[PDB]
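Trainee: I have a structure I would like to understand better, so I am pasting it below and will then ask my questions one at a time.
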Amino acid sequence: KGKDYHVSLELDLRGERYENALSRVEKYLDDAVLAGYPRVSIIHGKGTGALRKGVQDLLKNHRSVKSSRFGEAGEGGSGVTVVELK
Amino acid sequence: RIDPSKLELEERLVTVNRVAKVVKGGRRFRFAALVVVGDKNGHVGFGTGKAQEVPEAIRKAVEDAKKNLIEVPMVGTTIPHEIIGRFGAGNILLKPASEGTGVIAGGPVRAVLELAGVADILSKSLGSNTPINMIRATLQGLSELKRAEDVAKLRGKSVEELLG
Amino acid sequence: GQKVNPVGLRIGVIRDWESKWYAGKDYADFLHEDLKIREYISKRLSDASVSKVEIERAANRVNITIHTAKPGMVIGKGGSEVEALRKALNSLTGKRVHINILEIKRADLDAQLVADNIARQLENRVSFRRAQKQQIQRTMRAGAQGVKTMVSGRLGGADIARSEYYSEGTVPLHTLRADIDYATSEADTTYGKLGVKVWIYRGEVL
Amino acid sequence: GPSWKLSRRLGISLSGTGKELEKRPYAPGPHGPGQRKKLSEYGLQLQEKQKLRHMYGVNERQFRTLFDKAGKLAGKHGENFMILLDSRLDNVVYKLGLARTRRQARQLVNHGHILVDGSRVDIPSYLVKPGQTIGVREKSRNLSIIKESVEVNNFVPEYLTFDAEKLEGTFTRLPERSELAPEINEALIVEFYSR
RNA sequence: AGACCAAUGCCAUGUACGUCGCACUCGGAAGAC
RNA sequence: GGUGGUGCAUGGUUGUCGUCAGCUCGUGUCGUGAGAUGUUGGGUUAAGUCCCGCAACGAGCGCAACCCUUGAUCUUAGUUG
RNA sequence: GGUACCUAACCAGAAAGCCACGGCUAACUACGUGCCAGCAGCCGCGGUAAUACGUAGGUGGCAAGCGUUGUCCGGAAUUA
């Protein structure tokens, strides 16, 4: 077992590459399972928006996540997009 | 007189060319490719590169293209006057075609001319049909064209007496 | 023919056997036992990626550690599957077993995971140029001192097989002071069999 | 099914509607969905020629001939070509909105008529002369599809004019801009046929 | 500047080409002492 | 289930030149291009080993070293020697 | 010549084919065959995994026409 770790509940993914990020969002989801979080969020960018639509398809076919959803008005709207797992 | 790479420049690959070397171990295989670059208004260059593979080959070509450019004078979206291309059995005729005629050229000469963005031009291949000698002859051609105002300056005259 | 394997050359002088225990007069069945247990974890945990496994035989009760980072989900809510796989291991080995999982930082520059990756997008039908080129740049972005990748077989041209490689940095196989880590993986496609080899140089050992 | 197959052969819907691309955007044929080579310097403008061909449905000798009439026309060599297809009368009944597909247009101009400076028109050549008041009756005025044509509003541009009760209109003074170029990558036509 | 060597059976030999990065909200009463 | 063929479909393997000192690349020049220069010249070495020159400047696989053993000795530990 | 024209009613029913798909040059796969049968304007393909033979599907190009052949001019600045 590994016990030297703590896992955060959110992640910000602004201003960097597609195929660089998806390596470390799969790692981040695995970290969230090790800490057993039922819910997580990955903050993204706006301008190009390729990874913003790109990550959500990966979680849809990911083996551990059932859904990814946008934020509510009480949280701040599109300032967060949420992910929950199995 | 050298134009920097401050502008935006479009590129267009015209030919990837297989090249070979014979060595003691056998034949050795390499890739040359030439590209033409420019803007649609007045500046154009071309570039050549050699590498073992296509993408960094055309990359070497495109940096050499960013290095070398040449300006073309443009009197009313067409060339001013008569000019024949001339470099090493490369003979390219350029005639100041009238408006609305479009581009009328062969393959590589159209590839450089549309990337120059000239609207109405027509041409003919009279020299050899290898593309590098084509482009070299054509840019030697458009290097020779002059505006009317500087010719009037060399004359000590104005442009009216030279247009008429 | 070819070279010798760098890590096979470096076994015992720089490298561990990952089977550190000792048997005598039970060496044989002990040894084939380490083979089939490795087979079991290899085709069970192929989804979450495993590179290497070290087997300990403390008081003949077998003891296991498993590497790599993606089994962070094996460690997590899948404590149930950890227990279930361990029950199957004691079902296979008679005398029971105890297992541990070790996280690996920088899992990008581990040869087994690299080779499994290239085999995977070769099965997924990306071009071998694209696969090798993004992987090599990813490793030397991660901090590897020098990486050379291999591929051989019917690379699209089924009528004649060939081989292709790209490499930069330094890959000193002739120096035994160097640390090298070698993998091979066998990408199977509709064309037959496509071979993947990869080795990573990660600085010398003082 | 012509329209659907040619929409995915072509990459653009010929009708201008979003459908036939919404779930089959690649191509027909069993080798459709694979990533294809970029089209050649003959392929690209033959492809564009087939755009301009089948979003009317007209044939090739008629293409070459109205091309030469466009060339004989005193304006610029390409936009005269596209405005002549603008003035082709099934295009006129389309942009007057009575026809909903041009296969509706050809069938209906086989059926009905336009009496603007005519007596009975089956053939799409002509143009409205400016300044005459001849009008459509009976055979394209009172029947079932006659008001099914203008049951909904479809846009009739500035170089045309229209009213809906008797459903007739005329070519106005001059066509200028969208009639010049809706989206068509022009001059590939003239370089293709000038090869 | 220094002797003598003849021949090597029809085809067919390879590949090459193909990335894409940027996000968080606005504002009531309040005395004199 | 096939030791039922196809190494001229193949992966994984191995020999061979040859333990030969060669093999190449980035960037830049020259040619137009094929290509060249680096890698040639002087000297030197088992070695593209090294030095000095030189439109090249560098880099990599190479070579050498790093490993094992055998040669001389110090300290530790003296038993089943 | 009761022709064309003009009207009415019946039936979506009576009516699309040819050639090509290695490149030049738009369009790819399956099976059979195995220097055989064969294709071909040029370069050429086929000697058992043939997108080039022959089939089938699919695609492409044109259409009451489509391919082949012959002849003339261009391309051919190849009599300049």
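Read-outs: derived from the displayed coordinates by stated rules, not from any lab. Methodologically, a virtual Cβ is constructed for each residue, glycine included, from the backbone with ideal geometry; neighbour enumeration extends over all protein chains shown.
Trainee: Report the percentage of all Cα-Cα pairs in segment C:7-113 whose separation exceeds 18 Å, rounded to a whole percent.
Mentor: Values: 2911 of 5671 pairs.
In whole percent, the share of Cα-Cα pairs in segment C:7-113 beyond 18 Å is 51.
Trainee: Let me ask you something else. Taking other Cβ within 10 Å of each residue's Cβ, how do B:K60, C:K25 sort, fewest first?
Mentor: Details: B:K60 18, C:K25 6.
In increasing order of surrounding Cβ atoms, one gets C:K25, B:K60.
Trainee: With only alpha-carbon atoms in the gyration tensor, what are the semi-axes of the equivalent ellipsoid for segment D:83-150, in Å, largest first? The partial results should precede the final answer.
Mentor: Numbers: eigenvalues 61, 48, 21 Å².
Taking √(5λ) for each Cα gyration eigenvalue gives 17, 15, 10 Å.
Trainee: Right, something else. Which residue, chosen from D:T101, D:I134, D:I123, occupies the Cα position most advanced towards the positive end of the dipole of segment D:67-183, where the dipole is computed from +1 (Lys, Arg) and -1 (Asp, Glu) charges on Cβ about the Cα centre?
Mentor: Of the candidates, D:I123 comes out farthest on the positive side.
Trainee: Once you charge only the Cβ atoms, +1 for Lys and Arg and -1 for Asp and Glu, what is the size of the charge dipole of segment C:138-206 about its Cα centre, to the nearest 20 debye?
Mentor: Value, rounded to 20: 80 debye.
Trainee: Jot down the radius of gyration and Dmax of segment D:47-195, Cα atoms only, both in angstrom.
Mentor: 15.7, 49
Trainee: Still on this structure: Please give the helix D:60-72 orientation as an angle from the longest Cα principal axis of chain D, in degrees from 0 to 90, rounded to the nearest 10.
Mentor: With both axes taken from Cα atoms, the answer is about 70 degrees.
Trainee: To two decimal places, what compactness ratio does segment C:1-63 give when its Cα radius of gyration is scaled by 2.2 N^0.38 Å? Kindly include the intermediate steps, with their values, before the conclusion.
Mentor: Details: Rg = 13.9 Å, N = 63, 2.2 N^0.38 = 10.6 Å.
That ratio works out to 1.31.
Trainee: Report the charge-dipole magnitude of segment C:57-137 in Debye, nearest 20, computed about the Cα centre from +1 at each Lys and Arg Cβ and -1 at each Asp and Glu Cβ.
Mentor: Numbers: 15 positive and 7 negative charges, 17 e Å.
With only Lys, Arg, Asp and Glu charged at Cβ, the dipole is about 80 debye.
Trainee: From the convex hull of the Cα coordinates of the protein assembly as shown, what is the mean projected area in square nanometres?
Mentor: Projected over every direction and averaged, the Cα hull of the protein assembly as shown covers 46.9 nm².
Trainee: Further question on the same structure: Is there a quick way to get the dipole size of the protein assembly as shown? I mean about its Cα centre, with the Cβ of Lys and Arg at +1 and of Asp and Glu at -1; what is the value in debye to the nearest 20?
Mentor: 1720 debye
Trainee: Another question about this same structure. What per residue convex hull volume, in Å³, do the alpha-carbon atoms of chain B yield? Numbers along the way, then the final one.
Mentor: Values: hull volume 22.3 nm³, N = 164.
So the per-residue hull volume is 136 Å³.
Trainee: What residue among C:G143, C:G12, C:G153 has its Cα farthest toward the positive end of the dipole of chain C, where the charges are +1 on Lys, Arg and -1 on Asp, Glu, each on the Cβ?
Mentor: Selected residue: C:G143.
Trainee: Report, please, the projected area of segment C:144-195 averaged over directions, based on the convex hull of its C-alpha atoms, in nm².
Mentor: Averaging across all directions leaves 4.4 nm² for the Cα convex hull.
Trainee: At what distance in angstrom do the alpha carbon centres of segment C:117-175 and segment A:25-59 lie from each other?
Mentor: Rounded to whole Å, the Cα centres lie 28 Å apart.
Trainee: Using the alpha-carbon atoms, what tilt in degrees (0 to 90, nearest 10) does helix C:79-93 show relative to the longest principal axis of chain C?
Mentor: The angle comes out at about 70 degrees.
Trainee: Taking a threshold of 25 Å on the Cα-Cα distance, which of the pairs A:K3/C:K52; A:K27/A:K60; C:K133/C:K193; C:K3/C:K193; C:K70/D:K23 fall above it?
Mentor: Going by Cα-Cα distance, C:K70/D:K23 fall outside the 25 Å limit.
Trainee: So how compact is chain A: Cα radius of gyration and Dmax in angstrom?
Mentor: 12.9, 41
Trainee: Please list log₁₀ I(q)/I(0) at q = 0.08, 0.14, 0.18 Å⁻¹ for chain C, using the Debye equation with identical point scatterers on the alpha-carbon positions.
Mentor: -0.33, -0.96, -1.32
Trainee: How big is the convex hull of the Cα atoms of segment C:91-158, per residue, in Å³?
Mentor: 153 Å³
Trainee: Considering only Cα-Cα distances, which of the following residue pairs are longer than 24 Å: B:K67/D:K38; B:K21/B:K60; A:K1/A:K86?
Mentor: B:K67/D:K38
Trainee: Take the Cα pairs of segment D:1-116, get the Kirkwood Rh, then feed it into Stokes-Einstein at 20 °C and 1.002 mPa s and tell me D in µm²/s.
Mentor: 134 µm²/s
Trainee: Given the DSSP H assignment, sum -39500 (n - 2.57) over each helix run of at least 4 residues in chain D and divide by its residue total; what's the result at 222 nm in deg cm²/dmol, nearest 500?
Mentor: Rounded to the nearest 500, the figure is -10000 deg cm²/dmol.
Trainee: For the charge dipole of chain A, defined by +1 on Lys and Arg C-beta atoms and -1 on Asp and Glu C-beta atoms about the Cα centroid, which residue among A:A50, A:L9, A:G77 has the Cα displaced farthest towards the positive pole?
Mentor: The Cα lying farthest towards the positive end belongs to A:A50.
Trainee: Which angle between 0 and 90 degrees, to the nearest 10, do you get for helix B:131-143 versus the longest principal axis of chain B when only C-alpha atoms count?
Mentor: 30 degrees
Trainee: Something else now. 5 Å is the cut-off here: which amide hydrogens, built 1.01 Å from N in the peptide plane, fall below it relative to B:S123, excluding neighbours closer than 5 in sequence?
Mentor: Those lying under 5 Å, H to H, from B:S123 are B:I104.
Trainee: Taking just the alpha-carbon atoms of segment D:109-195, what radius of gyration and Dmax come out, in angstrom?
Mentor: Cα radius of gyration and Dmax of segment D:109-195 are 16.1, 49 Å respectively.
Trainee: Moving on to the next point. For B:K157, give me every one of the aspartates and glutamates with a C-alpha distance below 19 angstrom, ignoring sequence neighbours fewer than eight places off in its own chain.
Mentor: Within the straight-line limit of under 19 Å, B:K157 reaches these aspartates and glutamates: B:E149.
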